[PDB]
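Before I ask anything, here is the structure I am working with.
So that you can tell them apart, the chains are marked A, B, C, D, E, F, G, H, I, J and K in the order they are listed, and the count of residues begins at 1 in each.
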Amino acid sequence: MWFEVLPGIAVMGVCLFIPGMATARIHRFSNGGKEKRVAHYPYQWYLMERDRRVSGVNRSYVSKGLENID
Amino acid sequence: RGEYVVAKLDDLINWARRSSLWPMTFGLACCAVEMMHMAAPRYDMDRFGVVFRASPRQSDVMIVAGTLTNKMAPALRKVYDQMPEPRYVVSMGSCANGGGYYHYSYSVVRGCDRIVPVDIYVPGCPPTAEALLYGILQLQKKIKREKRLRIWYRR
Amino acid sequence: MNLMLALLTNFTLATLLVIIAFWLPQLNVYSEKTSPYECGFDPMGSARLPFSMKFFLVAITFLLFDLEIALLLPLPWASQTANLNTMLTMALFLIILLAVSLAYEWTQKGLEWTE
Amino acid sequence: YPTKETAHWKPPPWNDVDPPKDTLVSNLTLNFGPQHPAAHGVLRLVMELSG
Amino acid sequence: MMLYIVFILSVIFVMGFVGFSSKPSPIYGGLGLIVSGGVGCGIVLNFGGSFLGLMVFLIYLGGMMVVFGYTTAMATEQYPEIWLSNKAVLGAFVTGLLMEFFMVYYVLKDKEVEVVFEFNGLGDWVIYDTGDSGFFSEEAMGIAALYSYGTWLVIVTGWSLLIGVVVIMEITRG
Amino acid sequence: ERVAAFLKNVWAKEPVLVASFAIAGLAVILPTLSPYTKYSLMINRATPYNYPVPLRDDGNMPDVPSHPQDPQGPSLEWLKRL
Amino acid sequence: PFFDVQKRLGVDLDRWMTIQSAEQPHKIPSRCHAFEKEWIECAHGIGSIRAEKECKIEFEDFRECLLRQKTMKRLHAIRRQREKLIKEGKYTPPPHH
Amino acid sequence: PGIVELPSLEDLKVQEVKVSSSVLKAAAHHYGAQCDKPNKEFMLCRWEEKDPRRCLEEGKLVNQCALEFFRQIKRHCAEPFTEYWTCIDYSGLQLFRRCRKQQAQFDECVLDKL
Amino acid sequence: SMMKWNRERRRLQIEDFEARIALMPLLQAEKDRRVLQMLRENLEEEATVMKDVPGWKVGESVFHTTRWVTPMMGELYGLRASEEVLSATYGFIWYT
Amino acid sequence: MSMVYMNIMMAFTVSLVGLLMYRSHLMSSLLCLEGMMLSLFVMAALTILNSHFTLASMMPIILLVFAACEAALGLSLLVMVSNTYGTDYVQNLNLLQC
Amino acid sequence: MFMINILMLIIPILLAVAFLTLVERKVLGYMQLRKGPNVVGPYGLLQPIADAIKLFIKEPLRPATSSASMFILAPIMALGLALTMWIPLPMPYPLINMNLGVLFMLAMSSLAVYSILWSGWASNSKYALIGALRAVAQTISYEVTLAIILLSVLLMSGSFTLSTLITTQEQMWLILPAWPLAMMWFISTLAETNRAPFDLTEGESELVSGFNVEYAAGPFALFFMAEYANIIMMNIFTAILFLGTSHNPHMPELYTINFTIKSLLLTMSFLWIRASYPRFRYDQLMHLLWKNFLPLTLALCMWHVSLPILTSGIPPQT
C-alpha cells in the first residue's frame, strides 16, 4: 500500500532536517549562545571588529554592557 | 580471527551484489515478452532490487531471452565482454538453452553457452514470467554462496 | 577561509570516492572489455569526426543574450537610485531592444534549426 | 613582373567567385541497435547522421 | 602564506593562459580559459568586487560552452592534441611555465623584481585602503549607476547588441 | 471592427504572445498614470546612506535646525502615513 | 574630442566618468580625490605645455597616490633592515607590533 | 619631503567608551539626541579640517559626552536598558523590530526619569 | 501585500540607518586616535631599526604636499603580525 | 607597481603572443582573443576597485559586453570558413595572395 | 567547529540522496500499480545501501579510446560542484553567508554543465558525444530564461542574498505575486536538472545512456549522486524563492521542519512528473524556452521593474 512509501520519505526527511538544525546549533555554540553576527557590509564588519577589541578576550561575541563604563 | 572477518565480509559483498542485480536491457525474441511480464506489476522484479539498465557498463546480468543466431552471436559476445565484473549470464528459454525449435537450423547457435559462460538455465518455451523469476532468485542464492574472500584468505 | 575550506572538503571527498572506486574492486582488463560501446558492433569511424551543429545560430545568439543579463542583473540596485525617471526609462529601453532583437531573429527564421 | 615564386599565380575569377570545393563533409554513421532499448534487441539500424 | 592569496591566484591565472595560448585542441584551450576565468574571479573578488568577479566567471562559462559545441562541430580532428602530444605545443607550454616560474622565484626572493619594468613583491595587501565603514558596497553603487549616469553607455551598448544579432544573421546567410 | 478581428485571431493562435505584449504595455504605461510613483523617488531620497554633515552656523540660516528634534528641516510624517 | 558636439549642445555624454573627482553616487570619494583635484586645478586653462612643468609637484604627488611606488620602496627598505637585525640578533620587535 | 607630524602617545589618551555595538545600537537614538552638540562640532571640524590631527580636542569631548550619557543610563535605568540591548545582541543582524517590547520599557524609563 | 510590506521594510531601513548616523561621530573619533596611535608606534620602531642607515631620515614623507594623507594598509600595519594584517586586509571579504 | 600587476600584464602578453603565433585551427586563435580580453577585464577591475573610482566600476562590465559581440562575430566567420572548406584551418584562407 | 559543520552538511546530503533513490522507485512503482523495492530491508530500506556497496566494488572501466585525465576529472567535478551548491542555502542559516548567493548558485550551476560535456567528450564514443552535445543545447535553451526569471523575483526581495528572501516572504509567499514566474521557474529547474520530461542528455530510450554510457561502478555512481543531489538542492532553492518559511530566531528548528516539508513535497513533484509525461524532443525543448518562456519572461521582467516603482513598494537595499 502507498503508506509503505512513507518510511523512506521519513528517513529522507530526517536527513534533510539535520544540516539546518546542525548549522543553527553550531552557530549558537560558537557565538556564546547567540546567532552568528552577519556582516554583509563594511560598517557591520567594522563594528564586529570593534567588539573584538572591546571584549578584552579577542572574541567579537563577548558583549560588554554598562558594567564596563565606570 | 581472520577467518571470522573474511567470512562476514563475504556475506556483505555477496548480499550487496545479489540485492542489487541490474540486468542489461537485452532481449532477443519471444522470451523477451515474458521478461517484460516480470517487470510488469504482477511480479514487479524491481521490488527485489532488479532494475534494467541499457548500458552494459552498468549491467550485472545478461538475460539471454531468445534465439541467438549466427549473425547475432558476435554482438552478444561483444556486449558481454563490455560488462564489468562480476557479471552473470542467465540463459532463458529453449532457444538460448540449446537451440530449441531451431536447433537444426543453419543460422542458429545451438545454445548461447557456446558463446558465453552461463550461470543459470531457465527451461521453457517460453518460461513463464514466474519461472524466470524463479531463475533470478536462483541466481541470487548462487551469489550468496560465493566465497571469494574466504578463498583469497586461504591462498 | 570558510569558503576555501568548504570547496576543498567537497572536492576532496569526491576524489577519495574515486580513489576507493578504482583501488578496491578486483579488475580484469582485456581488449574487448575496454572497446568502445556501440550496441554490440564495432563503431564505424572515429567519435572525433565533426558533429554538425544545427542550432549554431541560436548558440551565437545565446552569447549576445547571455551578456544582456549581465547588464540587467544590477537592476535591483539601480532601483534604489533617486533618479528613478531616468533609471526606469533605460531599464525598459534595454529590455525592449532585447525583445526587438528576439523578434527579429524569430521573424527571420533564425530560431529554426538547419535541416 | 613574373618571378619564380609567382609562376603559379592565376588571375582571379572574372566575377570574384571561386568554384565550390569538392570537399565532402562526411555524415556520422551510427549502429542503432541491436543492443538498444528502442531497437527491440535485434535491429541493427545503420544510420547516417548530420548532427 | 594567506597574505599572498592574490599572488597565488594570479600565478594560476598565468598558468591557465599558457594553457590555451600554446593552442592545443580547443577542447583543452577552453579548459584553460575556464580555470583562468575561475581564478580571475577570485582575484577581482579579493579586491572587493564580488559582483564583477562572479559576473566575468558566469559570462565566460557560457562562452566556453558555445565554444565547446562549435569545437566538436568545426574544430576537431581524429587525434585532438594535448599539451604533450605536439612538439610545438609542448615547447610553448614549457617556455611559458619556465618564464613564469622564474618571475615567481625571483620576485619572492628579493621582495622585488625587474621584468622589463619594476614590480614590488611585498605582497599585494599593502596597497589596500585602511578605512571602510559604509553601509553599502561601493562596487554595487558604481555598477548600478549605469542606469542613472550611463544613459549614453546604455544606448550604445544596447544598440550594439541589437545590431550584433542583425549582423550575425547576415554574416551566416550564405 | 478590425481591432477585435485581429485580437481574436492572435488569442486563438498565439495567446502566449498576446499575454506578453499586454504585460509589457502595462509596464510602459501604468508608471505614468499611477499616483504612487512620486513616492518612490521621495523614499529613495529619504534613505540616509551618508552622514548629514552639519553646516557652520553663520548667524542667518533660519530654515536650518540647530538640533535634530527642532521643527526645521524635512520631515517624514508623510512616510509614516504611507 | 575631435568634434566638440557635447560642448556645442551642452549635453553630457561621457565626461561624467572622465575623472575620479567628478560627482560620484552617494558622494563616495576616490582614494586620490584630493591629489587629482589639486592637479586638475593647478593645470586648468594654461595648457599641457605649461602644465607639464608648472604643475609638476601636484602631478608627482598624484602619481605617488595612484601607484604608491615611493611608499612601497620605503617600506621595502624598512622591512629589509629589520630582517638584517633579526638574524644578526640586534633588534627585538615590541609586543604591540 | 618633510617629516609627518604625529601627536605623541600621551596626547592620544582618553577614557574609551568600551561597550559593544549592540549596546551602542540600543542607545543610539537617545544618544543621537542627547549628545548632538559635541558630536556635530566634531563632525564639522573633521570635514572642514580634513585632518584627524586637527580635531583631537573635539574628539575627546565626543568621548566625554558619551561617557556622561552612559553614566546617566547606568544610574537611573540600568536594568531596563540591560534587557533591551541583550535582546538586540541576540539577533545576527541586530534588528530593532525584534525588541519593540523591551525598547518600549527602556524608552518609558528614560522618559520618566530623565 | 508586497507593496505594504516593502514600505514598512523601507521605514525600518531608515531607523537602522539613523542609529548608525548617531554613532558615527563617536566611531570616527575612535578611528582617528587609533590610526594616529598605530602610525606613532610605527614611527617609534622605525627609528631603532633604521638608526644605523646612512642617509635615512625617520618619518619622512613621500609627498611634496604637507596635507594629511590617509595611510594605506602597509603604512599602518607594516610592522605587525600576519594575523592582524590578514584580519585587517581580508577579514571582511573572507567573513563567510 | 604591486606584484599582482606583474602576473596580469604577463597574462595579457602571453595571450597576445598566443594570438600572433598561429597554428592551424582558427578556433584556437579566437580563444586567445577571448583570453586577451579576460586579462584586460581583470587588469582594469583591479585598478578601478583599488582606487575607489566608483563610477568606473561599470566600465569592466561594458568591456565584457563588447567582448561577446566580438566573440559572436568571430564565431560567425568561423562558421562560414568551415562551410567553405570543411575545416577551420587558416591555411585555407590564402586565395587573396592573388 | 566549522569543519564539523561542513561534515554535518554533506554526510546528510549523500544519505538523503541515497534514500531519494528508494523513494523514487517506490513512488514510481505505486503510480505504476506495483510496489517497488520492498525486499532488501523492511520496506526496501536497505536497498540504497546495497546498490551503493555494489557499485563501489564493481570493476571500474577506463575505455580504450578515452582521454584518461578528463574521464576521471568529470565525475569528480560533478559531485564536488553538487555539494558546493548547498553551502549558501539558508536552512535558515547558511553554512556560508554570501552577499550574492543567488549569483554564486548561477555560476556554479553553469560550471557543473562541464562535467557533462567533458565526461561525454572524454569517453570518445558516439552515444557519449551525442549526449554531451544535447547538454550544450539544453543549457542554451534554459540558461538565459532562468537568470531573468530570478531577476524578476529579486526585484521584490531587493538583494541577491538568499537569507533576504526569508525576510521578503515573512507576510506572504512570493508564489502569490509571482505565480507566472513560479510556473516558468519550476519547468526551468527540470531542464536544469536534466529531469523528465527533459531527460535528454541521458535519453535512455534514444541514446542508451548518453553522456555516461561508458561509465561504470564508482565513477558512474558519482554522476548519479550528483544529479540526485542537484534535484534536491534545486527544490530547496524553489522553496526559498517562492514558498518562504517564517523564521523565529529563538526556535530555528521550527523553520527547518516547515522548510524541509516543503522541499520534500517539491522533490516528490519531480518524481510525479517523471511518472506522467513523455519525453520532449531536444529541439522542441529549445523552442519551448525561446518562443514561449523568454517572450513572457522578458515582459514580466519589464513589469516587475515598473511595478515596485509605480506602487511605491521598492524593497530596501539592505
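In the analysis below, contacts are C-beta pairs under 8 Å (C-beta built on N, C-alpha and C of every residue); 3 or more make two chains touch, one makes a residue touch a chain.
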Exercise for the section: Supply the minimal count of touching-chain steps required to go from subunit H to subunit J. Expected result: 3
Practice task
If we define chain centres by averaging CA atoms, which chain lands farthest from subunit I? Would you check?
Solution key: B
Fill in the blank from the handout: The distance between the C-alpha centres of subunit G and subunit H, rounded to whole Å, is 35
Fill in the blank from the handout: dist(centroid_CA(subunit E), centroid_CA(subunit K)) in Å evaluates to 28
Practice task
Give, as an integer number of Å, the spacing between the C-alpha centres of subunit J and subunit A.
Solution key: 45
Practice task
Give the residues of subunit H that touch two or more other chains, as numbers and ranges in rising order.
Solution key: 17, 24, 32, 40, 43, 50, 90-92
Fill in the blank from the handout: Each of the following residues of subunit B touches two or more other chains, namely 54-57, 75, 79, 84-85
Completion exercise
Each of the following residues of subunit C touches two or more other chains, namely 1-3, 26, 28, 33, 35, 37-41, 43, 46, 48-54, 56, 59-64, 66-68, 70-71, 73, 75, 77, 80-81, 83-84, 88, 91-92, 96, 98-99
Fill in the blank from the handout: Listed in rising order, subunit A residues that touch subunit I in their complex are 36, 39, 42-43, 45-46, 49-50
Handout entry: subunit B partner contacts - residues on subunit C that touch it in the complex
Key = 26, 28, 30, 32-33, 35, 37, 39-42
Completion exercise
Counting only contacts in the complex, subunit A reaches subunit K at residues 2, 4-5, 7-9, 11-13, 15-24, 26-27, 29-30, 35-36, 38, 40-41
Handout entry: Of all residues in subunit B, those that touch subunit K in their complex
Key = 12-13, 15-17, 19-20, 40-41, 44, 46-49, 51, 53-55, 57-58, 60, 84-86
Handout entry: Parts of subunit K lying in touch with subunit H, wherever the complex brings them together
Key = 93, 249-250
